[PDB]
Structures are given as structure tokens and as C-alpha cells.
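Coordinate inspection notes
Listed below, chain by chain, are the residues.
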Amino acid sequence: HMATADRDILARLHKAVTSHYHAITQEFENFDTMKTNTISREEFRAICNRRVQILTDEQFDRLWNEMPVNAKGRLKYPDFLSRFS
């Protein structure tokens, strides 16, 4: 969506999700302590830090603009997993 979207970061995020699907899905599960199928923005960034790269605030803000986010500003991870896998 965003004009300054980084297709390289998006492409590598796709690769990361497919290559580490089992582990990443469980990271989501574990952060989702209430099991509402969502995790926090900062928790998602933590996953990005280790699975893709340590994004700058700007890069993360733009990446987040492309994510499936709910009314509370949380990541709808089942939707994320489907798209990036």
C-alpha cells in the first residue's frame, strides 16, 4: 500500500514465515496469552527483529501499515500467517 514500502523486507518476511512457520506460529501462540488470536505491535516487532532484521522505527511503521491490524492496534496473526505463508 505505502509508497515507501520495502519489497525486499516484505519478500524476506515471506521467506522467514515459510522457512520458520512452526516456530513463528508458536511465538504468536505464546504471546497471545489470552488466546484471542492477536499479539501486540511491540511483540510483532520483536519477532521481526530476530526473523527478518532489526527494523528502524520508520521501516517498522511502514511495515505495520501493510499488516492486518484490528481496532485495538493488535496484529491479527492468523491472517498474517495465511498471507505470508
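Summary of the structure given here.

1. Description of the packing of aromatic side chains
Overall, the coordinates contain seven aromatic pairs when judged by the stated rule. Geometrically, the ring pair formed by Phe28 and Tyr77 is stacked, given 5.0 Å between the ring centres and 0° between the ring planes. Of this pair, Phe28 sits in helix α2 (residues 21–31) while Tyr77 sits in helix α5 (residues 77–84); the two residues are 49 residues apart in sequence, bridging distant segments of the chain. The same class applies to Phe28 as to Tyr77, namely buried. Each ring, one from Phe44 and one from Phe80, has its centre 5.3 Å from the other, and the planes form 75°; the classification is edge-to-face. Taken as a pair, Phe44 in helix α3 (residues 41–51) and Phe80 in helix α5 lie far apart in primary sequence, 36 residues in all. With respect to burial, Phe44 and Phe80 carry one shared label: buried. Among the aromatic residues, those joined into a cluster by ring pairs are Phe28, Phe44, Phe60, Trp64, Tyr77, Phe80 and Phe84.

2. Focus on the pattern of salt bridges
Tallying each qualifying case throughout the model produces five salt bridges. For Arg51, the salt bridge identified is with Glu27, shortest N-O distance 3.1 Å. With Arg51 in helix α3 and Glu27 in helix α2, this residue pair connects regions lying 24 residues apart in the sequence. The two residues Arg51 and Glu27 agree in class, both being buried. Two residues, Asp61 and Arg41, come together in a salt bridge whose shortest N-O distance is 2.8 Å. Of the two residues, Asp61 is situated in helix α4 (residues 57–64) and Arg41 in helix α3; the sequence distance between them amounts to 20 residues. Residue classification places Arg41 among the partly exposed positions, given a relative accessible area of 23%.

Definitions and limits used
Residues numbered from 1 in each chain as written, not as in the entry; some residues may be left out. Heavy atoms only, no water. Residues with missing side-chain atoms left out of burial classes, pairs and counts. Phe/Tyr/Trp six-rings, centres within 6.5 Å; stacked < 30°, edge-to-face > 60°. Helix = DSSP H or I, 4+ residues; strand = E, 2+ residues; numbered from the N terminus. Buried < 20%, exposed > 50% of the residue type's maximum accessible area, 1.4 Å probe, protein only. Salt bridge = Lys/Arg side-chain N within 4 Å of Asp/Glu carboxyl O.

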